[PDB]
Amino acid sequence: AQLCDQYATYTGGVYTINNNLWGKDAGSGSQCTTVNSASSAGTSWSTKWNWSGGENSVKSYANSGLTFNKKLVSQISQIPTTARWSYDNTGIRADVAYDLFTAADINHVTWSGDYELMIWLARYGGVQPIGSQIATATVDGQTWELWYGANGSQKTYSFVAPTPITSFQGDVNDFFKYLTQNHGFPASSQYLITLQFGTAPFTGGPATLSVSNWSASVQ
């Protein structure tokens, strides 16, 4: 599939790829997402974009998302994941990130949360998460800048890699554990509802993110 419309989507196995140009009215340009595979084991895809204007507004979050059995964060044992990706053009203002949502209501809309957990594998052009940097966190032996921000309904923790990580393998539950244990995250009353990986562009391009593999599961 070739996904160019705002909410063009394709599912295969437990992976759903969404072009997700949720911010397209904030600027001028286009974006198309290509799915290479999407099976029970993993997905491969790419997205090519060019955006101008609205320089402090995100245009899109094209992504692959996992279908999983929703549960309380405190009941999760592991969220193993691998991500391998690259950009052809890094002269851009954008980031590459895991995006997860949690809500007290297990039927909450899946494009937002009571809480959000992001893990930024890269940022370009100095773009930053919502809020402020509140800590340096060491998670599974690796250091992340930890940001916390809120817009009055959604509270968002962003872990940011000091240098880009183009080949990631880890357990996302280590980050929830860290939040639960160190920042009072309410794991025992929050359902994990969404688990995605993709890129959030502000300005630049043409530029293409190639995701050679993304895999995840929730146990």
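So that there is no doubt, residue numbering starts at 1 and follows the sequence shown.
- Set 82 to 90 against 131 to 139 and average the Cα temperature factors; 131 to 139 ends up higher.
- Mean C-alpha B-factor is higher over 147 to 155 than over the other stretch, the pair under comparison being 147 to 155 and 174 to 182.
- In this structure the maximum Cα B-factor among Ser40, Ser52, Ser30, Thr33 is found at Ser40.
- For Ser217, the recorded CA temperature factor ranks within the middle third of the chain's modelled residues.
- Ranked by Cα temperature factor within the chain, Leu121 sits in the lowest third according to the deposited record.
- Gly12: CA B factor in the middle third of modelled residues in this chain (values from the PDB entry).
- When the CA B factors of the chain's modelled residues are split into thirds, the value for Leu192 lands in the middle one.
- Residue-level temperature factors show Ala104 in the highest third of its chain, judged at the C-alpha atom.
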